[PDB]
Amino acid sequence: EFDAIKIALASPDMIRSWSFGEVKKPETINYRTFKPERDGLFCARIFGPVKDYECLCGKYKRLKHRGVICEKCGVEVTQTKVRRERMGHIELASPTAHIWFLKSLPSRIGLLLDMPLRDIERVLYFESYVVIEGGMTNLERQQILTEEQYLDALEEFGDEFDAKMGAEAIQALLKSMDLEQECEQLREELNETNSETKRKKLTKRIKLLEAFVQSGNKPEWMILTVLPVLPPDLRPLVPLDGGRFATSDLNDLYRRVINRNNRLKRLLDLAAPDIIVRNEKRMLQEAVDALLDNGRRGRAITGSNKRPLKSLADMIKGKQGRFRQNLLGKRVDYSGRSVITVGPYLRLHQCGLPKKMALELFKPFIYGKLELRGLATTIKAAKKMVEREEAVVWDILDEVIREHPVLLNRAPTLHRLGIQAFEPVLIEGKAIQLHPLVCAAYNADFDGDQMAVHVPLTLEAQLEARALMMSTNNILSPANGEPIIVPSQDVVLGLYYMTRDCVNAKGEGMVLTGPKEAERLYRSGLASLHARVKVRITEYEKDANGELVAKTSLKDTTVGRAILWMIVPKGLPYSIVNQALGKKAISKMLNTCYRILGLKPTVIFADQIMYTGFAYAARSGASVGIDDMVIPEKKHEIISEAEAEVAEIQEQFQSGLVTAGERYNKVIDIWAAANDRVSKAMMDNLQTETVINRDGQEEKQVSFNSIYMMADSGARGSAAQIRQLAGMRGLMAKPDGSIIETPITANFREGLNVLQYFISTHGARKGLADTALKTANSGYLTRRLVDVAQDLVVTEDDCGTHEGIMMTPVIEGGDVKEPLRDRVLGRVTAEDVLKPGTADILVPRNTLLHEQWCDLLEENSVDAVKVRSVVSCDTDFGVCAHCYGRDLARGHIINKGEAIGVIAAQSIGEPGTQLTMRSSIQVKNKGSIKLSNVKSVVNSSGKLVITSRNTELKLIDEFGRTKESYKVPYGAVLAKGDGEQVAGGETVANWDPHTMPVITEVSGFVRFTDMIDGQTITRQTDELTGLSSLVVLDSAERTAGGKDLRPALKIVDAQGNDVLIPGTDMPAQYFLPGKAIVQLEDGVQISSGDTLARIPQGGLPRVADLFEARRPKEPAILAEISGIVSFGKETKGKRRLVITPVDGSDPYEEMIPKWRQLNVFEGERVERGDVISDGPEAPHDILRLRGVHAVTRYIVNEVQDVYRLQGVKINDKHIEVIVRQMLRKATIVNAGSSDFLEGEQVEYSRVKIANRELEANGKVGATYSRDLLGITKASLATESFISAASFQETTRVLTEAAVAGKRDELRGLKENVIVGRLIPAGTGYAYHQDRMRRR
Amino acid sequence: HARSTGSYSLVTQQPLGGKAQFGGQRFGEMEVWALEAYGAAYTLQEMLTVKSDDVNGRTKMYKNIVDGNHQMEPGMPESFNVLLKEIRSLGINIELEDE
RNA sequence: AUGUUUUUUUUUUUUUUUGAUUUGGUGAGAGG
DNA sequence: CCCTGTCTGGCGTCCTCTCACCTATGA
DNA sequence: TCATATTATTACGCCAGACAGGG
Ligand SMILES: [Zn+2]
Ligand SMILES: [Zn+2]
């Protein structure tokens, strides 16, 4: 029907072509009758007749002459909705410049006429004059004029002289502004200057000057001359219940503009003096500016009472504009809403739906069914039948329900599992019965929740509800590989009570010929549900190629494990039920069933799990009592020993032996130790309290205490909650953030007294305030993420590359945190992984790594896999099917089409609620040493010291994988060496961080080069020891006579000649920095490893600051080019740093703020990506210095650290694709033979297809540079202005798109959700393939 | 509460809100993102064009349902043409291009 | 065998199809 | 002229339910 | 009833982005 939406400026001829009549009078309506005004705002001739095909006043009351317009009516003759499309125009007496092009920041008329905003407004509000082609006088064109400047000029240049003001003058300036001429000038000005600031100031002005010439937008279209009025139907005038009309705000705005315009026409008729018509035109200017965007000028106008009234731009922008309130989200027919309840008899593809809601939602299907049978005739009869609800429409209703799915939806839908399609089962009742397992997907408890039902009307929507959105199809969460139909709380208690054991019961050690008579012995009353027993089970192992082989054997098991074996499908082994089955074990039971036997046995087995869990939890009778919370007998003596310890510490505090901070630290330490001892006392007293004999002496076992099974099963409860119900509830913290030294020694079974409950209320009010304010940032994070993603659709099958990121296991310094099988599960390898022995093709180079491949990776102990990542995908406008990976909720690769940006953005932002808002190296294991980034030297004693700061100390095992990693500073005492074998727990590293070592490479004698006591260094003989040290001063304390003196130590031989560095001809002089203290004095012979000086010195907003890419306040500074380094100017704002490369060109430098403790010396050579100071590091520096793969590893590690600290499983594909959407823009460095500009920022796919269709020719391409935009700056900088207008500020984006003449080739998800068509991702990707093919 | 078809608002062609007004469910923004997350392109297309806003689409759909033909004739939403007239009522010339 | 053999105003206009059942901002509070 | 406080604008969660209250003037 | 047309409170918290000031 139509391609792209084009936006441009509105010419006065274009506004007269939209229009149907000039709106003169401001008179709205008659108000005493019902008729409007002829001819006012709500006219007849200008727009249309209120009534359909009627002259409002009187003629044509039938259907013959539609169109005639008599003189007595001055009325058109069409439809009732004809006025909604027709718009009027107000002939503004005095020109008024647009507020969107005068105050957009930056203003469109501000950087175009080369005039400051302040000066532009002055003249615009009749407060300053502006010259326009004066003539032969001493005045510029842009230069303004004041009353005094004009008065004198008026008497001076009375002849050829022009100096107007207001929009009129402004219009002229714009009108008489040779665009083309300015281009060359600006272009020549940019090529004839070197000023950095000017360059950017000139490139931003020429960009908007050449863009205006590229389109059909004129400079004189900025000023509004023929103001357009919105259709009445769109500014509706309806009365509320009563006798008055509740009028809209736009009618106030238009009525004021028309009142003022009529006054201004009458004053220009009457020839009023100058100051009267200046105030009149100024009031018209402010009235127009208030109509368009109210409140952007000084304080907004108001009708009733002090609240400002809502203008047109406030009908567009904001949370309640048209995008976010009526075009992205709509209210919807065939929909319903009610309170949910359980109904556990359901199968997990069906839900209960009440009869009253079912007869209301399915009225047209029932009408169609009733008309088909022949029971009635006309539609009315059917509506009377279902209004009466006779006895025959319920069979009609059960025949329209049967195979027709519905979309259930819980009201805060965060990820895609919050809309699932069921089949209805009709309910006597008024509450939606919802299958319990599905509740863990919706985050739906049953404490008063409500859900909405939606009906797929058409046939393609019924098939999408059955084939994509059915609840049997969503059994794996799309964020990872974990099943989302995990059995939640009652059913794991029923299983944990069923499959367990006790050392004596009915039927101990009897033998049973099958699981059927195991259940028969449980039901008849001859054995117990947990009584250990040899049974004969027949497990089917499918060891052949798709053939199930029976093996039958006698397992020593219990009765309950055989009864649960009657429900397990064929292929799973018996050892999946042989254990005790908590919650992690039943989750991996369903996961192994899904990986082996597929989907249909896993659906039917999930239902049979839920049924048998509910049934035996009912048979269990697992209550909770007051006696179940067993108080430790050792608890009171532990509290008295802690009270004796705080008594000892305070008796030392009365005598002043210890400090106050050490007292507070000792009290918090002994109460933490006593808390851990009380928790261990109660945990022994709960986990093994049952001690029952069997045929003789006693024997112990794990307890059948009720609260212990609710904790050990993982149903509801943890260690901390069961700790607070029996042991002491810790040391609660006051809202100051610091802890309180007197704990809450009473649990909940004993009574809390008053003060302890008040401290508890501190600790809990902080948590409720944190959740109720955290949810806003979590939701706004999901919004920013799905609007930066929004476009990215799997659109190929292979990009045809060999690049991809290097997935290693991540190791922080403790034991290996996340194994390689968690990171390289289901992601397609980049090059073929060599087997760790020698040069073998273990896996090929384009294989998906599912579980079988990952097990053959874990057997061979594969180091790290080079795997394909989304950020390395070469596909223009989308992601190919291999560089994404596995489907994650489907076992296979991602299909051609499935929108991965939206599921990724939801999977990152959905756990936003669970996240929070507000010496030396000791080895642990026993293995082999390896060093990386190492340049070292052996000292005199033997410990290998390091001459490199950035050395990584890895502990490699005997197999080949890397198990530990650490960072060792410059100059540390390593107890070990390279390639060595150590023992578990042996200290291998040592240093002093408070004393920066200035250790050497060679030996010799020490001379004090440029070290003079009195100006350079100072004499501070030590007080308490006597062994003095010449203390080196810094460059700020010494005066300007000797500030140029750099103290240093250079090593010589026994004669005095300079001992050179081994490898060069340069001596090894070390320039001493500020605040140093000389350790080894003059004449002392040195060696390696000996110092030459003493140098003394996060949750959810972290996720936001990583995706939005803020800078930290003190970033780590780096080096943009390798080579030698040196210092510069002495403290003029900053302290300089000059880097001269060995082979490369010199002139790069950087002025470091000198408040940082540096890392580099003067004789040190640096590299790109090498640190100069320490602290956090901004991602833009990673991108422009190290590489794209470096910054994507930086973001995925720095945000999986937050998601792992709070314990959420998210696969890394989602963070890699939001990282792709961050660094999608690029900047040009060398324009080459293309049509770009020098420092123009252009999107990367554009410049790559440009120089890839030019490089296929003879011409060599253009060399770009990638840039990393934060997610809101990157979604507002898009080549599709509806995508950047449905999101944040619409004023800025619509003026930029209007003055650029931008066009929206739709080509994404939200443009097609706005404009009302098929999404180009899902089922509609075939439709968009067809439409893109047929052009 | 449930709604098949009844009265709507004035300015927009979408259904009213509430229970005291016999109105339908606001199919909000995150539900649209959840349908985009699946492949529900046709479910979303009737969810924002036929069931909600487009007047010719919904009258043709009601007659198509009661004839026994589950098929939608979509058209363009009315609130987007309301957007075009509110943007166009500024000094902005927003259009709809070639066939 | 036979019937101009008791005439007088005791009076002629339908439904018609063609269209629908009608409620906007502001602020406060609760559920999840 | 390159850092720099300082000022100005622009964000800040979805869905639902109940109730009340709505410009002054004026010969 | 039918045209006439706008004044005497302050008490968010970042976080970019643009601007006059000065070593
Ligand atoms: Zn007429
Ligand atoms: Zn690719």
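Protein chains in written order, with the authors' numbering: chain AE, 16 to 933, 948 to 1126, 1136 to 1373; chain AA, 1244 to 1342.
Beta carbons are placed, not taken as given, at the ideal position from N, Cα and C, and that holds for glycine.
- In chain AA, no part has a C-beta under 7 Å from the C-beta of AE:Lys570; the shortest such distance is about 43 Å.
- Taken through DSSP and simplified to helix, strand or coil, AE:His1252 comes out as helix.
- With a threshold of 8 Å between beta carbons, AA:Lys1303 makes no contact with chain AE.
- Three or more beta-carbon pairs drawn from the region 725-738 of chain AE and the region 594-605 of chain AE are found closer than 8 Å, and the two stretches are therefore classed as touching.
- Comparing alpha carbon positions, the residue from AE:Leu128, AE:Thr1169, AE:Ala1312 and AE:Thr48 closest to AE:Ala1069 is AE:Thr1169.
- Contacts with chain AE at 8 Å (Cβ-Cβ) do not include AA:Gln1264.
- In the DSSP assignment, AE:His907 falls outside any beta strand (DSSP E), carrying neither H nor E.
- At the C-beta level, AE:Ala436 and AE:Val421 come within 8 Å of one another.
- For the 8 Å CB-CB criterion, AE:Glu91 and AE:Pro64 form a contact.
- Distances from the CB of AE:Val65 to the heavy atoms of ligand 1 are all 7 Å or more.
- For ligand 2, the residues with a Cβ under 6 Å from any of its heavy atoms are, in chain order, AE:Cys814, AE:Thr816, AE:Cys888, AE:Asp889, AE:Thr890, AE:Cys895 and AE:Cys898.
- Minimum Cα-Cα distance from AE:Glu993 among the listed residues AE:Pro824, AE:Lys345 and AE:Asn232 corresponds to AE:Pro824.
- Taking C-beta separations shorter than 7 Å and ignoring five residues to either side along the sequence, the partners of AE:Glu714 in its chain run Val518 and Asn708, following chain order.
- Contact between AE:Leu432 and AE:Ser492 holds: their C-beta atoms lie close to 7 Å from each other, under 8 Å.
- Under the three-state reduction of DSSP output, AE:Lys222 falls in the helix class.
- Comparing alpha carbon positions, the residue from AE:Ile722, AE:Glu658 and AE:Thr95 closest to AE:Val639 is AE:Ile722.
- Pairing AE:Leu1062 with AE:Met822, the inter-Cα distance amounts to about 48 Å.
- Rounded to the nearest angstrom, the gap between the Cα atoms of AE:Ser948 and AE:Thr1016 is 11 Å.
- Per DSSP, AE:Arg101 lies in no beta strand (DSSP E) segment and is marked neither H nor E.
- The set of residues with a C-beta under 5 Å from any non-hydrogen atom of ligand 1 comprises AE:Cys70, AE:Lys74, AE:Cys85 and AE:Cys88, given in chain order.
- AE:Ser350 and AE:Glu913 have their C-alpha atoms some 27 Å from each other.
- Under the three-state reduction of DSSP, AA:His1244 is assigned to coil, being neither helix nor strand.
- In the three-state scheme derived from DSSP, where H, G and I count as helix and E and B as strand, AE:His80 is classed as coil.
- Annotated as distal: AE:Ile105 and AE:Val146, with beta-carbon spacing of 8 Å or more.
- When the alpha-carbon of AE:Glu42 is set against those of AE:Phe49, AE:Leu1275, AE:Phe35 and AE:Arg53, the nearest one is in AE:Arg53.
- Here AE:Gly1033 is buried: its Cβ has 16 or more other Cβ atoms, across all protein chains shown, within 10 Å.
- In terms of Cβ geometry, AE:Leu840 and AE:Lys850 do not form a close pair [threshold 8 Å].
- Around the Cβ of AE:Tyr772, a 10 Å sphere holds fewer than 16 other Cβ atoms; the residue is exposed.
- Think of a sphere of 8 Å around the beta carbon of AE:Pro251: the chain AA residues whose beta carbon falls inside it are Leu1253 and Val1254, in chain order.
- Sequence-distant partners of AE:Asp1111 (beyond 5 residues in either direction) whose C-beta falls short of 8 Å from its own C-beta, in its chain, are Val1035, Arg1036 and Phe1037.
- By the Cβ-count criterion, AE:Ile238 is buried, with 16 or more other Cβ atoms from all chains shown falling within 10 Å of its own Cβ.
- Contact between AE:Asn276 and AE:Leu107 holds: CB atoms are separated by about 6 Å, below the 8 Å threshold.
- When rounded, the separation of the alpha-carbon atoms in AA:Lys1328 and AE:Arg388 is 47 Å.
- In the displayed model, AE:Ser970 falls within coil according to three-state DSSP, outside both helix and strand.
- Taken in chain order, the unbroken stretches of alpha helix (DSSP H) that lie wholly in the region 487-529 of chain AE and span 4 residues or more are 505-513.
- In terms of CA proximity to AE:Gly344, AA:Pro1320 leads the group AA:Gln1264, AA:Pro1320, AA:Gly1282 and AA:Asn1312.
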